[PDB]
Amino acid sequence: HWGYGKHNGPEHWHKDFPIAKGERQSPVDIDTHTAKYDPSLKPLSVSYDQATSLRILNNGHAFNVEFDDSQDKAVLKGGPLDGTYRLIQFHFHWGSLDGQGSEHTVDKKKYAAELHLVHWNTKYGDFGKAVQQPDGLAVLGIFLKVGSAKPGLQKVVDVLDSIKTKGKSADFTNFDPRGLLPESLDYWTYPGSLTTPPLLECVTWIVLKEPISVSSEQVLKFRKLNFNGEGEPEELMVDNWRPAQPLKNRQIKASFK
Ligand SMILES: NS(=O)(=O)c1ccc(S(=O)(=O)c2ccccc2)s1
Ligand SMILES: [Zn+2]
């Protein structure tokens, strides 16, 4: 029943997923002044050389680029993590206008969009088991601002017209996610949740300080996707973000400065 509108949007989710009002929900505002620099945090290790993408899917909430995670390829480790987490998919959240779209905010600043690279902890054997553990996932979040084009994003933007409506899929091989990363891997980190139903409190969040630039034409093409399936009234896929949730007892740590 869940989505992003007036009647089924974030404000409604708690009725099917009571965890929505939990103790470690995401996203949050990142208060850059009360985030603690932690000199014991390691550099983040992002090893995407051997990433193998499989498909791209419109699931009626976002589009997901999925990876073959059957071998030890495309791993995130280091930083705040105690193990090897394996890339399984990425997706974005974005707005109807360039002034909103990100789920995390930085001193209340909303970026145009946010990229989520989702990884699961290899100690749990697969993604489906990992999501039922408190340290099962690590999600790398990267903000998008509108400015220069991101060349490495263009393959994704070009396939969107083939997956316009909810339930459509496309073969999407050999996409290199290193093309979506900014220069610096300086990050903030905190314990939280999936930002969509089922809202499971299983994520270590690593949010990069440095946004990537994408062009207005690139983000306009995200906005041409649809929430609805083929043959229903057209509902543009925009404003698929959850707003900041209460930090509650939590500390956000910074890897820098
Ligand atoms: N926006 S986010 O990165 O926090 C996110 C929401 C849902 C996912 S999941 O599709 O991997 C998933 C995980 C468990 C159950 C169902 C879907 S990841
Ligand atoms: Zn997400």
Side-chain angles (χ1 to χ4, degrees), residues 1-4 8-10 13-14 16-20 22 24-30 46 53-69 74 76 81 85-95 100-105 110-122 124-144 156 163 166-167 169 172 177 180 187-208 211-212 219 222 225 227 237-245 250:
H1 204 250
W2 77 265
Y4 290 95
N8 65 359
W13 296 350
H14 70 103
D16 268 345
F17 308 93
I19 205 180
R24 54 178 292 193
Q25 284 289 291
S26 296
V28 296
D29 180 58
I30 297 162
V46 181
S53 65
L54 292 173
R55 279 200 333 165
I56 187 177
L57 178 66
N58 179 336
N59 68 1
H61 305 296
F63 62 85
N64 291 341
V65 174
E66 303 149 352
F67 287 79
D68 173 1
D69 66 343
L76 181 73
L81 301 174
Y85 292 63
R86 184 179 300 174
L87 179 68
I88 179 169
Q89 57 111 296
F90 69 79
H91 61 270
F92 297 79
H93 306 260
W94 60 91
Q100 65 194 44
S102 67
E103 303 209 296
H104 293 89
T105 53
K110 290 173 176 163
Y111 286 84
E114 188 174 322
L115 163 68
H116 287 159
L117 292 134
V118 183
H119 315 73
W120 54 274
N121 195 329
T122 54
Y124 303 123
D126 70 1
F127 174 87
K129 293 316 300 267
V131 302
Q132 308 297 318
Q133 316 298 333
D135 54 349
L137 295 192
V139 182
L140 175 59
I142 302 179
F143 295 120
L144 285 56
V156 169
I163 54 164
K166 169 192 188 221
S169 29
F172 198 71
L180 300 178
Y187 65 88
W188 296 283
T189 186
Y190 78 97
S193 68
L194 309 175
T195 74
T196 64
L199 308 170
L200 295 172
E201 283 174 350
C202 61
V203 180
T204 294
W205 276 98
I206 300 164
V207 181
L208 293 197
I212 59 165
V219 74
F222 285 19
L225 290 170
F227 283 134
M237 193 171 271
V238 295
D239 296 318
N240 62 351
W241 50 276
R242 185 188 203 194
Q245 302 296 307
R250 303 174 285 179

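All values below come from the heavy atoms of this structure, side chains included, with hydrogens, waters and symmetry mates left out. Start at 1 and go down the list; that is how both ligands and their atoms are numbered. When a residue number appears, it is its place in the shown sequence, counting from 1.
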So, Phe67 versus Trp120, ring centres under 6.0 angstrom or not?
no
Verdict with reasoning, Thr204 to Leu137, per side chain to side chain contact (heavy atoms under 4.5 Å, CB included)
CA-CA 6 Å; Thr204 294; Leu137 295 192; over 6 Å; no
Does the separation of the ring centres of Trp188 and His104 fall below 6.0 angstrom?
no
Number of protein N/O/S atoms less than 2.8 Å from the Zn ion (ligand 2)?
3
With a cutoff of 4.0 Å, is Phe90 in contact with ligand 1, counting heavy atoms of the residue only?
no
Considering all heavy atoms of both residues, which atom of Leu76 and which atom of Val46 are nearest to each other, and what is their separation?
CD1-CG2, 3.7 Å
Among all protein non-hydrogen atoms, which one is nearest to atom 8 (C) of ligand 1, and what is the separation to 0.1 Å?
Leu194 CD2, 4.1 Å
Quick one: which of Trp94, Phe143, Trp241, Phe92 gives a ring-ring contact (aromatic ring centres under 6.0 Å, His included) with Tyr111?
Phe143
I need the atoms of ligand 1 closer than 4.0 Å to a non-hydrogen atom of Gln89, numbered in the order shown.
10 (O), 11 (O)
Picking from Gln245, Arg242, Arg250, what satisfies side chain to side chain donor-acceptor pair (under 3.5 Å) with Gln25?
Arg242
Taking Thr105 for the side chain and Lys110 for the main chain, is one N or O donor matched with an acceptor at less than 3.5 Å?
no
For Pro198, the ligand 1 atoms whose distance to one of its heavy atoms is below 4.0 Å:
15 (C), 16 (C)
Measure the distance from atom 6 (C) of ligand 1 to every protein heavy atom, then report the residue, atom name and distance (to 0.1 Å) of the closest one.
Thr196 OG1, 3.2 Å
For atom 1 (N) of ligand 1, which protein heavy atom lies nearest, and how many Å away is it?
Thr195 OG1, 2.8 Å
Heavy atom of the protein closest to atom 13 (C) of ligand 1 (residue, atom name, distance)
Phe127 CZ, 3.3 Å
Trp2 and ring-ring contact (aromatic ring centres under 6.0 Å, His included): which single residue from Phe227, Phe17, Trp13 fits?
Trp13
Could you work out, with side-chain hydrogen bond (donor to acceptor under 3.5 Å, both in side chains) as the rule, every residue matching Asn121, not counting sequence neighbours?
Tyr85
Compute the minimum heavy-atom distance from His93 to ligand 1 and say whether it is under 4.0 Å.
yes
Do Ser53 and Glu66 come close enough that some side-chain heavy atom pair is under 4.5 Å?
no
Considering only protein heavy atoms, which is closest to atom 3 (O) of ligand 1, and at what distance to one decimal place?
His91 CE1, 3.3 Å
For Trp205, take its heavy atoms, then give the atoms of ligand 1 lying under 4.0 Å from any of them.
3 (O), 4 (O)
Where do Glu103 and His116 come nearest, in terms of heavy atoms and distance?
OE1-CE1, 3.1 Å
